[PDB]
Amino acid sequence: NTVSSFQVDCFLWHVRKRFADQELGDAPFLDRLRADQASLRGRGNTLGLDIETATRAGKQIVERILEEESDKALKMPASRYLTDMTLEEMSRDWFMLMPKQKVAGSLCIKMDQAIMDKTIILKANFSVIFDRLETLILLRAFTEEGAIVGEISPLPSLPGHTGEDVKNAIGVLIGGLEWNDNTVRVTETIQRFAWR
């Protein structure tokens, strides 16, 4: 019922205690240890379970969380994060006068149809595995005048996208922008790890 967590808390307290027992602790850490020691005393007396017994049970529970595969996440060959945009560029507000958008590939593609005869460069932040795109964080279209006129973003509620879905989204965005006689290019990052 409630003993599973109590036991986990008692073991994790022990672990934090051992951390303190080996120095390096800041004052708020020791303060939390004191508050938790008092709270665990209370919870123990209410439950009737000795702190060391609970600690050992917690140890076995924590091991159970960490048993079997544990955290041996050796199936993600060090993805490298590549960026063309700063956090401000990704979070910057923008608007479309004649908005146009669609969903495909678990990606949302947006572009302003009011943009005409402009020169546009695409910038993106994304993860790369084996010299190819693996996850898209964000792509935005900027005019030479600095306006944001299009965007490709992942949809968090759908099964994740692939590199080919992003390549298709980029091609679709470029096509739609080119319709209005815009000149569209991509950064070297996109040109090297993705495709126009």
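A residue's number is simply how far along the shown sequence it sits, counting from 1.
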query: Of 6 to 14 and 170 to 178, the stretch whose C-alpha atoms average the higher B-factor in the entry; finding: 6 to 14
query: Given 76 to 84 and 113 to 121, the range whose Cα B-factors average higher in the PDB entry; finding: 76 to 84
query: Which of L40, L158, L139, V149 ranks first by CA B-factor in the deposited coordinates; finding: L158
query: Selection from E144, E63, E164, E134 [criterion: highest C-alpha temperature factor in the record]; finding: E63
query: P154 by Cα B-factor - lowest, middle or highest third of the modelled chain; finding: lowest
